[PDB]
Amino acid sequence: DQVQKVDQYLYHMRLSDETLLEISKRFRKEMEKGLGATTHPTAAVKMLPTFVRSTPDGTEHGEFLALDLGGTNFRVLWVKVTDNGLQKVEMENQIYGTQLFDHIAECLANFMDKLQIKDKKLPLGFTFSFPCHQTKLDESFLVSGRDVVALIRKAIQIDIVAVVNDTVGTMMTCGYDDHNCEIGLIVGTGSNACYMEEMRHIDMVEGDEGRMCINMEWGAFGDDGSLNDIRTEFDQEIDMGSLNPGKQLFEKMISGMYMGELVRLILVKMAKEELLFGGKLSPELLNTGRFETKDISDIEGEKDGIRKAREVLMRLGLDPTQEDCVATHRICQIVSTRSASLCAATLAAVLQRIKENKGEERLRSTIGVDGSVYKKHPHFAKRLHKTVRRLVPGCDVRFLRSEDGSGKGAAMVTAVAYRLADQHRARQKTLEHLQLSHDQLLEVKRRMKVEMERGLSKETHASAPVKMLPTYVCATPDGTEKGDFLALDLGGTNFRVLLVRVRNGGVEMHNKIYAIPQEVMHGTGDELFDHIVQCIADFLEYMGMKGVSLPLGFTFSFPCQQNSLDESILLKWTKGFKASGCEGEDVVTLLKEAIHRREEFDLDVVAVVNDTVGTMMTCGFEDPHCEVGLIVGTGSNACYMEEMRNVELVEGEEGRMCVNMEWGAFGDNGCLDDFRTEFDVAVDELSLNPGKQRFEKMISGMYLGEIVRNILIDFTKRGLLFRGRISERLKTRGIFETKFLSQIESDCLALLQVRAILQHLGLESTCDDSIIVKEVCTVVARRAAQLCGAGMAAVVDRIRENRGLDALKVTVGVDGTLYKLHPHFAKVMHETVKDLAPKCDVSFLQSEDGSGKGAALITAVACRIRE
């Protein structure tokens, strides 16, 4: 009965759920304004970057050091951690110009009274009460004054240090106890909170890509007038009386420092109005601060706390009724309940942000909490929890409590900062072996040159790993070439048959792709060319060509010995094919025999060319400056036009010949060994042909994905990735496809596509893992594009010297899936060529018609020469 009058009188201090949703929405707008780059400097809620980028792992370990500067205690803590199950961190502390740092800073040996640690150079966690502006984990300056984190160091005569808000320290120690804790919260002398934000949302820090803890400083929510319609006569007066009038308006209606004073002032207003005490106001009731937050807890805590109201009201010298002790009780509830409901509105907004960032239909999140009002007040926690869960029904939230706070939380942030830095240099020492200097890439260029000579030399051509094989392709297309030409493209991902229909005064192009069943690729050679010619027939019919008599160019991309344009002998099947009775055989004969067994059409097989050569001719039809061809794909190879005088395996010195380099075998004689890593060695030794195609295995095919998953497995074993947990998929050779490198490195911001892939190889991965995985794919694919570039530099610069030129303008026909679908690799190769062959001006061109079109052109050119 007396309550209902207080309830009615304090009516504006009892806030409905509807107005708490209004408030939380308002605080989200305040949230975005402080994160935004234009709005920040005018934002009331500053949304400060913490530079804490990871919550605790569970694996942290070490001896750590730290100090609480809050000024109440001025304590200095100590802690040690270990990665075993029991999570207790051993904690021991005792409380406490240029002379100004060194005053009690003498305790470096004085807090060694326990472990006498002054011989141990040791990391330092640092928590700092006053306000600052920090640009890094270690850096800051006070506004209420130059440097700090660096200035406390020159007072040295050992440390590694970071500086953190007490709300972040709270989140971090609750994080080591529960790994789901993304929010710190303090309700105490003051009130603030921090949470983990996505780096794409933090404009004030460059990044994209990652999470950072944001120190909201919500104490200042409302300093611009956004809370005025819920603020109160009593709030205005607490503000005007404050040491900081105008600032911290939300903190003042929440924090413990102002709650006693807020109910006092309410008593005074009611006494003066005859509603309490019979208007008899003692002297002490008018003295500021005598009704204290401590008292609000006592009145509300106990069985009969209506007596302890009476006990306190008389400590202030009054004559309370019982109906007076009842009113002071409910005035206490209304103040502390409004405080609790207000932290629930602004948490409701933070939890709604994290839910959005995350993508989960129900947020599962853990709030680390601390501070006088939360822990000691009997009912504040129950009302905060109950009120949050009502404002976010799609929550599942759980709160935790940290004994340490600003003390051990500053140590725990040093444990995570140390862990990260330690695992980083570990990963970086590895990745550095795949990072090649300018000088190194010139040496690669130089070594490719002598290997090119070695193979062109008839003396050394037998031992030489880069064979420099003659292609018997000497003649560009010339003016009039007429007629229909069949071509074949075999050995790529796509086997296809082509009819290029060439007019003069105009190349008409037609193709079709056919599958080769694994059973046929792995069958007998009869079955394989029977199948190929059954596709030629299905195509002739598809074209209404039926049995017409057509010449045939043939792109066959396997290591052959060519004795002439129409004769080449297969050395070894590669890629998918193992078909019997083929290796060691003329490939044109095997094809011709399969055409006769079909007994349908007459085909004249004029030429067999490597895909490099076919690609160079395709691109040269458009661009007459194209003297080179390059594949980066299932495999890597290249060809240029050499001088007949330099091709000793073919008699005569007049003119040009294209030479298939087989450059993938560069390094089969050892010449790359001192640029090769353990992961190269391992990929080589577990491959199908150990010791063969070493350069190919650094720059292309499946081999790139294998280098990645060899690195990722090396990292995981060392606990440097995925928190040490190995997937079974990840253990499988070939599982990490080279197209993942393109997808992972094309990915940005949330890195969702990287995670999708890591899921596929079923791995339990954080968003920081995705960043590390993307780092690895970028190193590997850059070493690939730089190596390919160092080879292609030697190629083009040799063409330049052969011709005496001071400057060479060349075009390089390129093809292969890795070159055209990877985001950076064409870019980085071109840069490497321009960097390593300054005297050459190299265009690259991307065929789009495939190497078949050049097979058909090489055929047409070979006809006119005989016609």
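Quick note: we count residues from 1 along the sequence shown, nothing fancier.
**Q** Can you tell me how many deposited residues have no coordinates between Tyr96 and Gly97? The categories are none, 1 to 3, 4 to 9, and 10 or more.
**A** The entry has a long gap there, with 10 or more residues left out between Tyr96 and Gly97.
**Q** Select one of none, 1 to 3, 4 to 9, or 10 or more to describe the deposited residues without coordinates separating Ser144 and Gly145.
**A** The entry has a long gap there, with 10 or more residues left out between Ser144 and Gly145.
**Q** Quick check: 79-87 versus 783-791, which has the larger average CA B-factor in the record?
**A** Averaged over C-alpha atoms, the B-factors run higher in 79-87.
**Q** Quick one: higher average CA temperature factor, 369-377 or 278-286?
**A** Looking at the record's C-alpha B-factors, the answer is 278-286.
**Q** Of the choices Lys697, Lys717, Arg364, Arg676, which one's C-alpha carries the largest B-factor in the record?
**A** That would be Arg364, according to the entry.
**Q** Among the candidates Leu137, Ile631, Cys767, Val683, give the one with the maximum CA B-factor reported in the record.
**A** Among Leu137, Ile631, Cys767, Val683, the PDB entry lists the largest C-alpha B-factor for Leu137.
**Q** Quick one: classify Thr59 as lowest, middle or highest third of the chain based on its Cα B-factor.
**A** Top third by C-alpha B-factor.
**Q** Sorting the chain's CA B-factors, does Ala66 end up in the lowest, middle or highest third?
**A** As the PDB entry reports it, the C-alpha B-factor of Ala66 lands in the highest third of its chain.
**Q** Consider only the C-alpha atoms of the modelled residues in this chain, order them by B-factor as the entry records it, and name the third containing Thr732: lowest, middle or highest.
**A** CA B-factor rank for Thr732: lowest third.
**Q** In terms of the CA temperature factor given in the entry, to which third of its chain does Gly505 belong: lowest, middle or highest?
**A** For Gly505, whose C-alpha B-factor we compare with every modelled residue in the chain, the answer is the highest third.
**Q** Would you check the entry's CA temperature factor for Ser843 and let me know if it's in the chain's lowest, middle or highest third?
**A** Its C-alpha B-factor belongs to the lowest third of this chain's values.
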